[PDB]
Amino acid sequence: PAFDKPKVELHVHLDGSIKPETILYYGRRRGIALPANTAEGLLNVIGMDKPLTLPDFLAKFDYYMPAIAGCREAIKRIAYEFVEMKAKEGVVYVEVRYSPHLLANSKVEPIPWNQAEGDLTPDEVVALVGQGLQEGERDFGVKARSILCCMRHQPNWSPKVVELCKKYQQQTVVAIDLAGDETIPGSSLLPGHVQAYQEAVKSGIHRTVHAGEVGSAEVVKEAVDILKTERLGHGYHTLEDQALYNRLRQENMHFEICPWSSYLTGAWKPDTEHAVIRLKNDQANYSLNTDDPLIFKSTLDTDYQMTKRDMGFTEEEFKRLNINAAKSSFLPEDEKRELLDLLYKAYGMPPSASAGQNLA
């Protein structure tokens, strides 16, 4: 591997990380049609080898989400399996994000994936995911927390999302996100979203927002100034605007960078220099992340190898950015200190002296 040491991942979607064998198993067990009859064939349909666009990417979910949504057993299992698989990438801490509405079949309007109304609500989805993450953390040694996504095209869901972040804050939920199609005009300003983020600020719920992935620097401004985000998902197009980038650097904004994702969605064109190179050269605050590894056919090694091979990233930079990811995590401060101590020890840095420097 490019970096065979402990890693921290902050930007990865549970519903974009499901095992193809688990999809196949539940499609068969539930009698729900899939576009292939083996895992290899599923990856041929669902996976991406070449850049498309963000909407073409988002459409991949339609192929497999029906097999998983609405099933309590499948939901808890994909959470458990998510932790097990991330252990294999050398991850020691992961925040995994998802829309609970997109896994439910009741108390969600409109009901997703052409499901009939059932008895599984978004609230119970969150309980189930938390349980699978907690059991995975216990069995596999990877600390795992969750982030609940508002979706840009459904501001009606956002009050419930922040409600659930508050309800489940001691059952792994550490933050709220906003995901979906960033091009929807004025989507950042829809009252359901704005009010959910204000309620998050009031109630001490941490905040991340997908912005600048394929949207302009103006969407990033909305995320920062209107939604009060603490981290940016992707954030590449911040660099369209040198003044905005300067102000964000000054405030130590964390950028959740997804190098291979950014190629496959067309967010980053490969005949331009990747935004992460500027962040590295400027010693900015950022993390490396897989985003949707099922669809991108990737692991964190895909992103580390790309930055190492093509962008001259060194071991020292990989250590640095994982320490920044831990510092920018949405853990309580005690668990942050514990995570940092684990990284210092793994990295051969002096743990006491490093903790003492952090007091500044």
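Start at 1 with the first residue shown and count on from there.
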Exercise. With respect to the recorded C-alpha B factors, which stretch has the higher mean value, 139-147 or 192-200?
Worked result: 192-200
Exercise. Per the entry, where is the mean C-alpha temperature factor higher: 305-313 or 328-336?
Worked result: 305-313
Seminar exercise, completed: Entry record, C-alpha B-factors for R247, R97, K88, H153; the maximum is at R247
Exercise. Per the PDB entry, which option out of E230, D271, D177, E81 has the greatest Cα B factor?
Worked result: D271
For this session: For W260, return the chain-relative third of its C-alpha B-factor as stated in the PDB record: lowest, middle or highest.
Result: middle
Seminar exercise, completed: On the chain's distribution of Cα B-factors, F296 falls within the third called lowest
Seminar exercise, completed: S17: CA temperature factor from the record, placed by chain third, in the lowest
Problem set entry | Chain-relative CA temperature factor third for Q134 | middle
Seminar exercise, completed: Binned into thirds over the chain's modelled residues, the C-alpha B-factor of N252 lands in the middle
